[PDB]
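Coordinates as given in upload_1.cif (mmCIF, C-alpha atoms):
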```
data_structure
#
loop_
_atom_site.group_PDB
_atom_site.id
_atom_site.type_symbol
_atom_site.label_atom_id
_atom_site.label_comp_id
_atom_site.auth_asym_id
_atom_site.auth_seq_id
_atom_site.Cartn_x
_atom_site.Cartn_y
_atom_site.Cartn_z
ATOM 1 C CA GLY L 1 -47.143 -51.173 41.386
ATOM 2 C CA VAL L 2 -43.426 -51.693 40.699
ATOM 3 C CA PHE L 3 -41.015 -50.685 38.528
ATOM 4 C CA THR L 4 -38.820 -49.222 41.356
ATOM 5 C CA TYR L 5 -36.484 -46.219 40.989
ATOM 6 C CA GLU L 6 -34.082 -45.768 43.897
ATOM 7 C CA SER L 7 -32.011 -42.581 43.184
ATOM 8 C CA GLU L 8 -29.309 -40.952 45.364
ATOM 9 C CA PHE L 9 -27.010 -37.880 45.058
ATOM 10 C CA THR L 10 -24.778 -35.921 47.510
ATOM 11 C CA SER L 11 -24.594 -32.184 48.233
ATOM 12 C CA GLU L 12 -22.292 -30.143 50.301
ATOM 13 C CA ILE L 13 -25.086 -29.094 52.813
ATOM 14 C CA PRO L 14 -26.558 -30.697 56.060
ATOM 15 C CA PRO L 15 -29.928 -32.620 56.000
ATOM 16 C CA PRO L 16 -31.973 -29.866 57.864
ATOM 17 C CA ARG L 17 -31.332 -27.240 55.108
ATOM 18 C CA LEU L 18 -31.834 -29.754 52.324
ATOM 19 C CA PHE L 19 -35.193 -30.893 53.749
ATOM 20 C CA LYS L 20 -36.576 -27.290 53.819
ATOM 21 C CA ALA L 21 -35.626 -27.081 50.114
ATOM 22 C CA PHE L 22 -36.764 -30.610 49.030
ATOM 23 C CA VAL L 23 -40.029 -30.762 51.101
ATOM 24 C CA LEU L 24 -41.441 -27.495 52.527
ATOM 25 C CA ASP L 25 -40.375 -24.744 50.008
ATOM 26 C CA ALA L 26 -40.004 -27.319 47.174
ATOM 27 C CA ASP L 27 -42.236 -25.367 44.704
ATOM 28 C CA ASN L 28 -39.809 -22.407 45.102
ATOM 29 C CA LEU L 29 -36.709 -24.722 44.859
ATOM 30 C CA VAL L 30 -38.023 -26.800 41.858
ATOM 31 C CA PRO L 31 -37.733 -24.262 38.926
ATOM 32 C CA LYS L 32 -34.438 -23.070 40.533
ATOM 33 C CA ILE L 33 -33.079 -26.676 40.021
ATOM 34 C CA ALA L 34 -35.203 -28.149 37.159
ATOM 35 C CA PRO L 35 -34.786 -24.894 34.999
ATOM 36 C CA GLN L 36 -33.933 -26.942 31.848
ATOM 37 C CA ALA L 37 -37.714 -27.581 31.424
ATOM 38 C CA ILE L 38 -39.876 -26.578 34.513
ATOM 39 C CA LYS L 39 -41.722 -23.250 35.251
ATOM 40 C CA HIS L 40 -44.254 -23.247 38.179
ATOM 41 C CA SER L 41 -45.990 -25.518 40.808
ATOM 42 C CA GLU L 42 -49.700 -25.634 41.945
ATOM 43 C CA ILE L 43 -52.003 -25.677 44.854
ATOM 44 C CA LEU L 44 -54.569 -27.266 42.499
ATOM 45 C CA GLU L 45 -55.510 -29.300 45.456
ATOM 46 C CA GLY L 46 -54.314 -28.454 48.993
ATOM 47 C CA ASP L 47 -54.075 -26.448 52.107
ATOM 48 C CA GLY L 48 -50.282 -26.527 51.444
ATOM 49 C CA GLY L 49 -49.343 -29.698 53.459
ATOM 50 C CA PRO L 50 -50.235 -33.351 52.581
ATOM 51 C CA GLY L 51 -53.232 -33.253 50.151
ATOM 52 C CA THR L 52 -51.692 -30.414 47.967
ATOM 53 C CA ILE L 53 -51.563 -31.435 44.300
ATOM 54 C CA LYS L 54 -48.586 -29.604 43.040
ATOM 55 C CA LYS L 55 -48.977 -29.245 39.372
ATOM 56 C CA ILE L 56 -46.050 -28.181 37.495
ATOM 57 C CA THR L 57 -45.952 -26.218 34.256
ATOM 58 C CA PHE L 58 -43.238 -27.010 31.649
ATOM 59 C CA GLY L 59 -41.599 -24.463 29.254
ATOM 60 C CA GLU L 60 -42.850 -23.089 25.878
ATOM 61 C CA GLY L 61 -41.315 -26.065 23.899
ATOM 62 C CA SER L 62 -44.642 -28.086 24.276
ATOM 63 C CA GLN L 63 -42.652 -31.317 25.090
ATOM 64 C CA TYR L 64 -44.637 -32.223 28.303
ATOM 65 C CA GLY L 65 -47.535 -29.804 29.045
ATOM 66 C CA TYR L 66 -47.605 -30.417 32.834
ATOM 67 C CA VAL L 67 -46.863 -32.979 35.603
ATOM 68 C CA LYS L 68 -49.046 -33.426 38.741
ATOM 69 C CA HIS L 69 -47.538 -34.211 42.214
ATOM 70 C CA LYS L 70 -49.548 -34.805 45.494
ATOM 71 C CA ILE L 71 -47.863 -34.472 48.900
ATOM 72 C CA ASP L 72 -48.868 -37.576 50.950
ATOM 73 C CA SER L 73 -46.742 -37.017 54.152
ATOM 74 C CA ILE L 74 -44.461 -34.175 55.470
ATOM 75 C CA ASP L 75 -42.558 -35.100 58.667
ATOM 76 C CA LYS L 76 -39.205 -33.378 59.616
ATOM 77 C CA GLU L 77 -38.863 -35.347 62.922
ATOM 78 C CA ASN L 78 -39.154 -38.767 61.181
ATOM 79 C CA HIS L 79 -37.053 -37.046 58.439
ATOM 80 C CA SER L 80 -38.810 -38.547 55.375
ATOM 81 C CA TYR L 81 -41.200 -37.005 52.818
ATOM 82 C CA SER L 82 -43.833 -38.950 50.836
ATOM 83 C CA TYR L 83 -45.536 -37.711 47.637
ATOM 84 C CA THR L 84 -47.527 -39.245 44.737
ATOM 85 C CA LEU L 85 -47.134 -38.364 41.038
ATOM 86 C CA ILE L 86 -50.588 -38.800 39.488
ATOM 87 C CA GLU L 87 -51.063 -37.030 36.107
ATOM 88 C CA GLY L 88 -49.398 -35.336 33.045
ATOM 89 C CA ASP L 89 -46.448 -36.264 30.727
ATOM 90 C CA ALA L 90 -44.726 -38.491 33.360
ATOM 91 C CA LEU L 91 -47.866 -40.745 33.408
ATOM 92 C CA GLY L 92 -48.016 -40.445 29.531
ATOM 93 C CA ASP L 93 -50.513 -43.388 29.111
ATOM 94 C CA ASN L 94 -47.433 -45.457 30.171
ATOM 95 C CA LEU L 95 -48.189 -45.118 33.888
ATOM 96 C CA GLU L 96 -51.161 -45.295 36.328
ATOM 97 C CA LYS L 97 -49.406 -43.581 39.318
ATOM 98 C CA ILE L 98 -45.972 -43.281 40.961
ATOM 99 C CA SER L 99 -45.368 -43.225 44.722
ATOM 100 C CA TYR L 100 -42.236 -41.326 45.871
ATOM 101 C CA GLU L 101 -40.695 -41.218 49.328
ATOM 102 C CA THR L 102 -37.470 -39.246 50.044
ATOM 103 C CA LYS L 103 -34.847 -39.295 52.826
ATOM 104 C CA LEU L 104 -31.888 -36.862 53.096
ATOM 105 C CA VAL L 105 -29.213 -39.100 54.689
ATOM 106 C CA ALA L 106 -25.784 -38.230 56.225
ATOM 107 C CA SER L 107 -22.826 -39.217 53.970
ATOM 108 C CA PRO L 108 -19.946 -40.825 56.033
ATOM 109 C CA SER L 109 -17.259 -38.311 54.770
ATOM 110 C CA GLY L 110 -19.264 -35.306 53.421
ATOM 111 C CA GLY L 111 -22.649 -33.525 53.336
ATOM 112 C CA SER L 112 -26.104 -35.109 52.787
ATOM 113 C CA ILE L 113 -27.317 -37.829 50.372
ATOM 114 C CA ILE L 114 -30.476 -36.444 48.687
ATOM 115 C CA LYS L 115 -32.228 -39.814 48.263
ATOM 116 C CA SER L 116 -35.568 -40.945 46.832
ATOM 117 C CA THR L 117 -37.201 -44.350 46.324
ATOM 118 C CA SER L 118 -40.286 -44.571 44.079
ATOM 119 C CA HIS L 119 -42.773 -47.263 42.864
ATOM 120 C CA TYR L 120 -44.305 -47.203 39.424
ATOM 121 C CA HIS L 121 -47.815 -48.492 39.098
ATOM 122 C CA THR L 122 -47.642 -49.141 35.302
ATOM 123 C CA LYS L 123 -50.632 -48.781 32.923
ATOM 124 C CA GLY L 124 -52.272 -51.901 31.424
ATOM 125 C CA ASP L 125 -49.450 -54.110 30.008
ATOM 126 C CA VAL L 126 -46.996 -51.264 29.602
ATOM 127 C CA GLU L 127 -43.732 -52.219 31.364
ATOM 128 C CA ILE L 128 -41.018 -49.510 31.780
ATOM 129 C CA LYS L 129 -37.710 -50.078 30.036
ATOM 130 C CA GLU L 130 -34.495 -49.778 32.088
ATOM 131 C CA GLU L 131 -32.984 -47.383 29.481
ATOM 132 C CA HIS L 132 -35.814 -44.948 30.530
ATOM 133 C CA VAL L 133 -35.120 -45.759 34.249
ATOM 134 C CA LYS L 134 -31.405 -44.894 33.713
ATOM 135 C CA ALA L 135 -31.951 -41.585 31.900
ATOM 136 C CA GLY L 136 -34.700 -41.082 34.500
ATOM 137 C CA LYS L 137 -32.160 -41.300 37.360
ATOM 138 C CA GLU L 138 -29.819 -39.036 35.265
ATOM 139 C CA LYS L 139 -32.544 -36.296 35.054
ATOM 140 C CA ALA L 140 -33.597 -36.773 38.524
ATOM 141 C CA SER L 141 -30.143 -36.811 40.170
ATOM 142 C CA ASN L 142 -29.193 -33.831 37.880
ATOM 143 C CA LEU L 143 -31.886 -31.764 39.753
ATOM 144 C CA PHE L 144 -30.455 -33.327 42.910
ATOM 145 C CA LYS L 145 -27.034 -32.002 41.705
ATOM 146 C CA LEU L 146 -28.451 -28.584 40.796
ATOM 147 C CA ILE L 147 -29.675 -27.990 44.312
ATOM 148 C CA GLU L 148 -26.452 -29.662 45.491
ATOM 149 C CA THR L 149 -24.678 -26.679 44.437
ATOM 150 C CA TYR L 150 -27.701 -24.297 44.745
ATOM 151 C CA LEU L 151 -28.296 -25.186 48.434
ATOM 152 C CA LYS L 152 -24.495 -24.771 48.966
ATOM 153 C CA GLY L 153 -23.699 -21.876 46.588
ATOM 154 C CA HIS L 154 -26.597 -19.606 47.378
ATOM 155 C CA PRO L 155 -26.545 -21.028 51.014
ATOM 156 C CA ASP L 156 -28.910 -18.532 52.211
ATOM 157 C CA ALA L 157 -30.697 -20.987 49.863
ATOM 158 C CA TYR L 158 -33.617 -21.999 52.138
ATOM 159 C CA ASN L 159 -32.240 -20.004 55.113
#
```
Could you render the structure from this file as structure tokens?
Amino acid sequence: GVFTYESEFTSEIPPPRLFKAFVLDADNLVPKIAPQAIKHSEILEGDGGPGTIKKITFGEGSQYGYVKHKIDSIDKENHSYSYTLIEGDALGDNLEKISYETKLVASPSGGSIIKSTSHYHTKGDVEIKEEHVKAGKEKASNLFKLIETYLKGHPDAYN
């Protein structure tokens, strides 16, 4: 199930703080750093860890409805975080599912690289255009920028 989106962006914060924000409190982080379009996030499935199907309401503009995430692994000590995206506008009858896995890496001169790689199981004979991949990385790294400065600039941020 590939098209593949690798996406990377730096903040001025260490990996431990960023991983609380990107993995464990991520439903509280997400509308603080996707506020251009996103509202809330659901235990629709879950007991809060892997299995929790975090389903994410978009704003009153009707452009998306919802998007549905599923945490698939949460491991601070291995320092990566795996989640599926399974339903809503971002599957759009374009897409059958998307695996994500994130790592929050150490930049050689600065803070941490907020990094995700993700694999697009595409629907029927839909193939995803690179011009959507590109804008996709520009949305997705903009939320990784928003939290750059949020995790830094309200740095009690997931304190």
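For the residues L:45, L:2, L:90, L:39, ranking by smallest atom-to-atom distance to residue 61 in chain L using all atoms listed in the file places L:39 first.
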For a quick check of understanding, using only C-alpha atoms, which of L:42, L:138, L:96, L:47 has the smallest distance to residue 125 in chain L?
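Ranking L:42, L:138, L:96, L:47 by distance to residue 125 in chain L, first place goes to L:96.
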Counting all atoms listed in the file, write as a list in words all protein and nucleic acid residues lying at most 12 Å from (-50.4, -52.2, 35.3) in the file's frame. residues 1, 2, 3, 91, 93, 94, 95, 96, 97, 98, 119, 120, 121, 122, 123, 124, 125, 126, 127 and 128 of chain L
If you count all atoms listed in the file, which residues fall within 12 Å of residue 77 in chain L, apart from same-chain ones fewer than 5 positions away, as a compact mmCIF listing (two decimals) with C-alpha atoms, keeping the file's coordinate frame?
```txt
# COMPACT_ATOMS: atom_id res chain seq x y z
CA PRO L 15 -29.93 -32.62 56.00
CA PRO L 16 -31.97 -29.87 57.86
CA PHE L 19 -35.19 -30.89 53.75
CA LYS L 103 -34.85 -39.30 52.83
```
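Distance-wise, CA of residue 24 in chain L and CA of residue 151 in chain L end up 14.0 Å apart.
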Once the PyMOL selection byres ((chain L and resi 21) around 10) has been evaluated on this model, what residues remain selected, and can you format them as a PDB file with C-alpha atoms, in the frame of the given file?
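New file expr.pdb:
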```pdb
ATOM      1  CA  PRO L  15     -29.928 -32.620  56.000  1.00  0.00           C
ATOM      2  CA  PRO L  16     -31.973 -29.866  57.864  1.00  0.00           C
ATOM      3  CA  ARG L  17     -31.332 -27.240  55.108  1.00  0.00           C
ATOM      4  CA  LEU L  18     -31.834 -29.754  52.324  1.00  0.00           C
ATOM      5  CA  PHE L  19     -35.193 -30.893  53.749  1.00  0.00           C
ATOM      6  CA  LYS L  20     -36.576 -27.290  53.819  1.00  0.00           C
ATOM      7  CA  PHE L  22     -36.764 -30.610  49.030  1.00  0.00           C
ATOM      8  CA  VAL L  23     -40.029 -30.762  51.101  1.00  0.00           C
ATOM      9  CA  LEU L  24     -41.441 -27.495  52.527  1.00  0.00           C
ATOM     10  CA  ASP L  25     -40.375 -24.744  50.008  1.00  0.00           C
ATOM     11  CA  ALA L  26     -40.004 -27.319  47.174  1.00  0.00           C
ATOM     12  CA  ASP L  27     -42.236 -25.367  44.704  1.00  0.00           C
ATOM     13  CA  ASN L  28     -39.809 -22.407  45.102  1.00  0.00           C
ATOM     14  CA  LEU L  29     -36.709 -24.722  44.859  1.00  0.00           C
ATOM     15  CA  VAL L  30     -38.023 -26.800  41.858  1.00  0.00           C
ATOM     16  CA  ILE L 147     -29.675 -27.990  44.312  1.00  0.00           C
ATOM     17  CA  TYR L 150     -27.701 -24.297  44.745  1.00  0.00           C
ATOM     18  CA  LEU L 151     -28.296 -25.186  48.434  1.00  0.00           C
ATOM     19  CA  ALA L 157     -30.697 -20.987  49.863  1.00  0.00           C
ATOM     20  CA  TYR L 158     -33.617 -21.999  52.138  1.00  0.00           C
ATOM     21  CA  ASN L 159     -32.240 -20.004  55.113  1.00  0.00           C
TER      22      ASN L 159
END
```
Closest of L:130, L:5, L:102, L:55 to residue 80 in chain L, counting all atoms listed in the file, is L:102
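Candidate residues L:106, L:74, L:38, L:33 were compared for distance to residue 52 in chain L, and the nearest is L:74, using only C-alpha atoms.
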I'd like the residues picked by the PyMOL selection byres ((chain L and resi 107) around 12) written out as a list in words, using the chain letters and numbers from the file. residues 8, 9, 10, 11, 12, 13, 14, 15, 104, 105, 106, 108, 109, 110, 111, 112, 113, 114 and 115 of chain L
Write a file of the just-selected residues containing C-alpha atoms, as a compact mmCIF listing (two decimals), keeping the file's coordinate frame.
```
# COMPACT_ATOMS: atom_id res chain seq x y z
CA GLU L 8 -29.31 -40.95 45.36
CA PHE L 9 -27.01 -37.88 45.06
CA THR L 10 -24.78 -35.92 47.51
CA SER L 11 -24.59 -32.18 48.23
CA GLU L 12 -22.29 -30.14 50.30
CA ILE L 13 -25.09 -29.09 52.81
CA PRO L 14 -26.56 -30.70 56.06
CA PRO L 15 -29.93 -32.62 56.00
CA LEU L 104 -31.89 -36.86 53.10
CA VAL L 105 -29.21 -39.10 54.69
CA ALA L 106 -25.78 -38.23 56.22
CA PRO L 108 -19.95 -40.83 56.03
CA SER L 109 -17.26 -38.31 54.77
CA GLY L 110 -19.26 -35.31 53.42
CA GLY L 111 -22.65 -33.52 53.34
CA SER L 112 -26.10 -35.11 52.79
CA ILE L 113 -27.32 -37.83 50.37
CA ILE L 114 -30.48 -36.44 48.69
CA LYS L 115 -32.23 -39.81 48.26
```
Pick from L:142, L:99, L:41, L:36 nearest to residue 73 in chain L, counting only C-alpha atoms: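 With only C-alpha atoms as the atom set, the closest residue is L:99.
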_Here is a test: counting only C-alpha atoms, which residue of L:35, L:140, L:67, L:129 is nearest to residue 116 in chain L?_
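Ranking L:35, L:140, L:67, L:129 by distance to residue 116 in chain L, first place goes to L:140.
From CA of residue 82 in chain L back to CA of residue 49 in chain L, the distance works out to 11.1 Å.
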note - CA of residue 87 in chain L and CA of residue 68 in chain L are separated by 4.9 Å
